[PDB]
Amino acid sequence: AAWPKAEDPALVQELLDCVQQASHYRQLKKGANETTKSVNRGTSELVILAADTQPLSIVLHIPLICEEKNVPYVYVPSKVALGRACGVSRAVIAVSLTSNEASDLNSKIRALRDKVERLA
Amino acid sequence: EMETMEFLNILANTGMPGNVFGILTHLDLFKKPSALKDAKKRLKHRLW
Amino acid sequence: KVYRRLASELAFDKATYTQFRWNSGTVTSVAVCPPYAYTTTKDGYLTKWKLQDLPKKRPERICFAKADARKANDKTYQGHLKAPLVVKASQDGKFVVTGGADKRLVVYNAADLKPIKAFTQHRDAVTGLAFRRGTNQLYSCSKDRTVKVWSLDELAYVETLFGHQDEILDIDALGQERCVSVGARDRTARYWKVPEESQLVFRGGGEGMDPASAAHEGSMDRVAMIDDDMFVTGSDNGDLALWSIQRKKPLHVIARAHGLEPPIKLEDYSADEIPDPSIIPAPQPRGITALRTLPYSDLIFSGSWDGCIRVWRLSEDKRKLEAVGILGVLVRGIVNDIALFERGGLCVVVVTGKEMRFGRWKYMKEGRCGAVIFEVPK
Amino acid sequence: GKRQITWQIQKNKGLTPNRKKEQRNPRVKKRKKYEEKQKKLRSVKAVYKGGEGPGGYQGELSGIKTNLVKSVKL
Amino acid sequence: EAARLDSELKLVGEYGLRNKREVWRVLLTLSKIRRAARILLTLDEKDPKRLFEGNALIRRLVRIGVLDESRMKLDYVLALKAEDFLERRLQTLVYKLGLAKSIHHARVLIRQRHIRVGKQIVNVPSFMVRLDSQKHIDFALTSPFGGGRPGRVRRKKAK
RNA sequence: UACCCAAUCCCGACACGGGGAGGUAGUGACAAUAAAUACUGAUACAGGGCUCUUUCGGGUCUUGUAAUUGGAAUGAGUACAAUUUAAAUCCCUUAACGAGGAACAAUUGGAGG
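Residues numbered from 1 in each chain as written, not as in the entry; some residues may be left out. Chains lettered and ligands numbered in written order. Part of a larger assembly, values for the part shown. Heavy atoms only, no water. Residues with missing side-chain atoms left out of burial classes, pairs and counts.

Visitor: An account of the overall build of chain D is requested, with residue identities and associated values reported.
Guide: Along chain D, the regular secondary structure elements total two helices and zero strands. Rg of the C-alpha trace for chain D: 26 Å, well past the compact-globule value of 11 Å for 74 residues, more than 25% over. For chain D, the spread of C-alpha atoms along the principal axes amounts to about 80 × 35 × 20 Å. (Helix = DSSP H or I, 4+ residues; strand = E, 2+ residues; numbered from the N terminus. Rg over C-alpha atoms; globule rule 2.2 N^0.38 Å.)

Visitor: Describe the overall build of chain E, listing the residues and the values that go with them.
Guide: Counting secondary structure elements, chain E contains eight helices and three strands. Counting from the amino terminus, chain E carries its helices and strands in the arrangement α-α-α-α-α-α-α-β-β-β-α. Relative to the compact-globule value of 15 Å for 159 residues, chain E shows a C-alpha radius of gyration of 19 Å, a clear excess of over 25%. Of all intrachain contacts in chain E linking residues separated by at least 6 positions in sequence, the fraction that spans at least 24 positions is 48%. (Contact = heavy atoms within 4.5 Å.)

Visitor: Break down the interface of chain E and chain D for me, with residues and values.
Guide: In this complex, chain E contributes 13 residues to the contact, which on the side of chain D involves seven residues. When the two sides are added together, the surface that chain E and chain D hide from each other amounts to roughly 880 Å², 69% of it contributed by carbon and sulfur. Contact with chain D buries area across many residues of chain E, yet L9, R18 and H104 of chain E alone supply 55% of it, more than any other trio. For the interface between chain E and chain D, the tally reads zero salt bridges. The biggest single contributor to the side of chain E that touches chain D is helix 1 (residues 2-14) of chain E, with five residues. (Buried area = accessible area lost by both parts, 1.4 Å probe. Salt bridge = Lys/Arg side-chain N within 4 Å of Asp/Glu carboxyl O.)

Visitor: With reference to specific residues and values, describe the arrangement of the chains.
Guide: Summarising the chain contacts, six pairs of chains touch, and the pair with the most contacts is chains A and C. Contact between chain C and chain D is absent, and the least distance between their C-alpha atoms amounts to 31 Å. Without any contact between them, chain B and chain E keep their closest C-alpha atoms 23 Å apart.

Visitor: Account for the environment of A31 of chain C, with residues named and values stated.
Guide: All names here are of chain C. Inspection of the secondary structure assignment puts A31 in strand 2 (residues 27-31). A relative accessible area of 3% means that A31 is categorised as buried. Residues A31 and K48, 17 residues apart in the sequence, show an inter-C-alpha distance of 9.7 Å. When near neighbours in sequence (up to four residues on either side) are disregarded, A31 contacts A37, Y38, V87, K88 and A89. (Buried < 20%, exposed > 50% of the residue type's maximum accessible area, 1.4 Å probe, protein only.)

Visitor: I'd like to hear about the packing of aromatic side chains, residue by residue, with values.
Guide: Each aromatic ring pair is specified by the distance between its two centres and by the angle formed by the two planes. Inspection of every chain in the model, using the stated rule, returns eleven aromatic pairs over all chains. Ring geometry for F20 of chain C versus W22 of chain C: centroids 6.0 Å apart, planes at 25 degrees, classification stacked. A relative accessible area of 7% means that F20 of chain C is categorised as buried. Sitting over the ring of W361 of chain C, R84 of chain A keeps its end group 5.6 Å from the ring centre. Over the ring of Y36 of chain C we find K48 of chain C, and its NZ or CZ is 4.2 Å from the ring centre. (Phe/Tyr/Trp six-rings, centres within 6.5 Å; stacked < 30°, edge-to-face > 60°. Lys NZ or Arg CZ within 6 Å of the ring centre and 35° of its normal.)

Visitor: Describe the protein's contact with RNA strand F, and please don't skip the residues or the numbers.
Guide: Taken together, 54 residues are adjacent to RNA strand F, and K32 of chain B together with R18, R107, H114 and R149 of chain E come closest. One of the side-chain N or O atoms of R24 of chain D is found 2.6 Å from a phosphate oxygen in RNA strand F. Secondary structure elements with two or more residues in the surface near RNA strand F: helix 2 (33-47) of chain B, helix 2 (26-42) of chain D together with helix 7 (103-111) and helix 8 (152-158) of chain E. Classifying every residue of the surface near RNA strand F by side-chain character gives 14 nonpolar, 13 polar and 27 charged. (Near = heavy atom within 4 Å. Polar contact = N/O pair within 3.5 Å; in protein donor to acceptor, adjacent residues only side chain to side chain. Nonpolar A, V, L, I, M, F, W, Y, C, P; charged D, E, K, R; others polar.)

Visitor: Which residues make up the sheet that holds strand 15 (residues 178-183) of chain C, and what values do they have?
Guide: Residues and elements named next belong to chain C. If you walk across this open sheet you meet the four strands as 14-15-16-17, and the pairing is antiparallel. The outermost strands of the open sheet, each flanked by one partner alone, are strand 14 (168-172) and strand 17 (198-203). On average, adjacent strands in this sheet sit at an angle of 20 degrees to one another, irrespective of strand direction. Pairing geometry for strand 15 and strand 16 (residues 188-193), over six bridges, is antiparallel. When the bridges of strand 16 are listed, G183 appears paired with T188. (Pairing = 2+ DSSP bridges. Axes fitted to C-alpha atoms, helices over the stretch in contact; angles between N-to-C directions.)

Visitor: Residue-level account of a positive patch on the surface, with values.
Guide: Residue and element names in this part refer to chain A. A cluster of basic residues, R26, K29, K30, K37 and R41, forms a positive patch on the protein surface. Here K30 is to be found in strand 1 (residues 28-30). Judged by its relative accessible area of 32%, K30 falls in the partly exposed class. (Patch = residues over 30% accessible without salt bridge, like charges linked within 9 Å, V, L, I, M, F, W, Y side chains within 5 Å. Areas by Shrake-Rupley, 256 points an atom, 1.4 Å probe, with all protein chains shown as cover. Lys, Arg positive; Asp, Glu negative; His and termini not counted. Charge placed at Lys NZ, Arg CZ, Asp CG, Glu CD.)

Visitor: Any chance you could break down the sheet that holds strand 1 of chain A for me, citing the residues and the numbers?
Guide: All names here are of chain A. Strand order in this open sheet of four strands is 1-4-2-3, and the pairing throughout is mixed. Unpaired on one side and paired on the other, strand 1 and strand 3 (73-76) mark the two borders of the sheet. Across the sheet, the mean angle from the axis of one strand to that of its neighbour is 20 degrees, orientation sign disregarded. As defined by bridge partners, strand 2 (residues 44-50) adjoins strand 3 across four bridges and the pair is classed as parallel. The residue bridging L49 from the neighbouring strand is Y75, located in strand 3.

Visitor: Account for the pattern of salt bridges, with residues named and values stated.
Guide: Within this structure, the stated rule accounts for twelve salt bridges over all chains. One salt bridge in this structure joins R4 of chain C and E342 of chain C, with 3.4 Å as the shortest N-O distance.

Visitor: Talk me through the state of the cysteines; I want residue IDs and the actual numbers.
Guide: Residues and elements named next belong to chain C. Under the defined criterion, the tally for this structure stands at zero disulfides over all chains. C63 forms no disulfide, and the closest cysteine sulfur to it belongs to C33, at a distance of 11 Å. The thiol sulfur of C347 is not disulfide-bonded, and the nearest other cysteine sulfur, from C33, lies at 12 Å. Of the residues examined, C347 reaches a relative accessible area of 5% and is grouped as buried. (Disulfide = S-S within 2.5 Å.)

Interpretation in functional terms is not warranted from these geometric data alone.
This is the structure in structure tokens:
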């Protein structure tokens, strides 16, 4: 059901490290409804979705809006790891990290979405 | 003081002699020798 | 500080356990004052307890102290406002220190359990806490990526130490004036020379089953100094790595130290009238949640949420880690903490609950909010 | 009982012209010059300035002109 | 020229600089680094001079955080720029970490001694913060945003 | 036309006496280095602001005000001390004051009404 699944060799941890960097930079929206609202408002640059979700239909409904707006999306295999990487003290199943006109995080964003577009 | 500035411009308007020497006194009425050199510097530059 | 080797002089298959529990949310950490014990529970309790002797297997609680959040406004109240997270006890038996997420670390008398000092020097939260052995010098590493060393004899802060890239999760100390502290997602254990204010970085970058289930080193959760020259770190992809101070690399890393998780059920993963196993994600390794050692010994106690508490040992050249087996040969739940004590032959308490120490990421309906006390007599 | 020297003799101002509070500080002047040259830029080209708001699409809020071709003719 | 004036004004506005001397200072050190990179590209590949000196230059720039850790070639060292240097300045790092509301607020804070880099407070806003030291930018303990005394206008008002 | 043998060194009946080497301080826009002269809100009111190739024509959409108020931050300076030192100074520590323009008072040039 999750066909752009991320594989093991240092791509999941690059994703979660960029997630933690954006959460320190306050450029990140947490949870399914906030990812949905950020994609529909178009400010999203990339969206990470957990794949260990009890029933997967939530992180199945998000890729439709992401494919309609043409933003990259990728599944990491642990919502507990995604919540720990964000710094939430709750398990997060969907993470969308936005765009700003001036940062140094955007280089990591660009390399990450190049790797994700190669993954798709 | 105004008497010092008055004599300086009275002398300059009437006729400037060769040698005028500024003599700065009452330096012992000071407590901080950083304020002392600051006062010497600012009084020297204003006289110049 | 003499070196011991008691990895073979114990009978782990003959361990005697008391798996009890009491009215608590989730117990988090324990310290070992040599007759006593000190529990912290997320309800907001710190309970000082008395252990047992053989020549009745449950402790008798003697006293506790509760966090009072009503007097956050009210001044001259040393003590916590929120629930504490870590506790340590001085080997003198006269000081007990506890730090929580209420941005302050308090320290007081062990006997009457009445708060005497409430340090507010940290800026985010207190995550890790360690004593120098035989001395009242304290090392508290925090969530604002710093670690403050305190001189507790005069009840005073002496020095701070910066340099960690992410939030600092654990710290360990030994008899000298050093530290070893692990930070989470930077994958870094920093060895701390406190008098000259210097550090030594150790960057992990860790590397018939499914291939996508082999996860790299995500965080670096727990740390344990086993002697002066080497320590061990436990990382939430299940990596247990022995590190030497003489070398820049891991000395010996062992992978998936508590195995993989079970793959989640189709009856919860997909809401369909046909459950098909054609699609199900690869399970991830259950990482180390607690990790401890006895100082100057060959004992590596590692506990995850597998329901068992594993024990490892050093090699004869002390340049490798080796398995000696599962200790409880269950102790279900998420192993929050391990504490060790020698009778003269060792009693280890294991602190487990329904979730992890710092956040409610993984709640478990299985497991109990239990201190589980077991000893090996040989 | 001494005659203090006043500020006009203390610093020899003379007849320097009157300048601005913006001109007495070279950073604040270069802040206000950038705010007004970023303002002059919006009146020539079109800045992005956020997409659709949280309220949605309230129409093209300042006119639609039909006979205007604004494409670079290659 | 109008191109130089508009470029320097864009730098002075986008990063809250004081004059064009700071811009020319950064352009001078950037031209020195880029000249060293061009001189190392003059030599052929697998010359030991180019190998060790280019590895030294790239490791230096990655350690001071200007060059990204992804791209580590001498061609990207040639493709370096003054916007990257002024981004590595301290004042824009305070503005981007969000201790201050604007870049001029950040310059004001660094001047009147509120933030600290690591242990010691920093009085200069052009402090080139390295990548390892980027995280430890916070309010000092003697600042009223950090703690201690409630401060000056607070004391005059609370009296 | 500054101060001292206090350190390193030298000479003598000689542990003490004597040293124009040496070290300490002062000036300095000739250069060179870092950077203050402000930061941030709310309300009220006005309807225009800006631009150009092509000009009695075209382009773009939020900008102001000597308006009314509110917050904080404070180093120059003043400065108890202690310290530094041959004795002082500087440095590092440091209690107490220290911002509303009519001021704690930015300048030099050029163009124009």
